[PDB]
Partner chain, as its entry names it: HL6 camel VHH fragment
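Next up: just one chain, as structure tokens, the form deposited without the partner chain.
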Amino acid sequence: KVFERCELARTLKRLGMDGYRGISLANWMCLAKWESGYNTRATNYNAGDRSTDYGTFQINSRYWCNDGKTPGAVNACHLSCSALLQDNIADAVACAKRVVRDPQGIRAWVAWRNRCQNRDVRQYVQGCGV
């Protein structure tokens, strides 16, 4: 599923993301835009290290979810990677909450650092009634 911006914004808000661990909803929206373009089916295999990023938030198979083919996988979210490719983003959201509970927080995502951090991200939530 490819979400429309405001549709995703209200969905995240209902899932308790606004201000989660100090992260504003606009930041979460900036991250999903750059990571997947709001597409829940998004997958990116990293040939250099044998891991794959899954879904909307492009969560990694080395530490967060299990796909059975990544060396040293940890499965911290205790989820099959398949769960992060569904139209229902409830699992991806619970897992993304778990990732940010680590020391680095939202900075765990380099893309956040490159395209969101210290930027005017108001536009991601503008007009969504959120």
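Numbering follows the first chain given and starts at 1.
*Asks:* Using only the Cα atoms and their B-factors as the entry lists them, report which of 73-81 and 55-63 averages higher.
*Replies:* That would be 73-81.
*Asks:* Would you tell me which stretch averages the higher CA B-factor in the PDB entry, 98-106 or 38-46?
*Replies:* Comparing 98-106 with 38-46, the higher average CA B-factor belongs to 98-106.
*Asks:* Which one, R119, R113, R21, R10, has the peak C-alpha temperature factor per the PDB entry?
*Replies:* Out of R119, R113, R21, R10, the record gives the largest C-alpha B-factor to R119.
*Asks:* Could you say whether, by C-alpha temperature factor, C128 belongs to the lowest, middle or highest third of its chain?
*Replies:* Middle third of the chain for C128's C-alpha B-factor.
The same protein also has a form solved in complex with the partner chain, omitted here; what follows describes it.
*Asks:* Quick one: name the residues from 91-119 with any non-hydrogen atom within 4.5 angstroms of the partner chain in the entry with it bound.
*Replies:* In sequence order, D91, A94, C95, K97, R98, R101 come within 4.5 Å of the partner.
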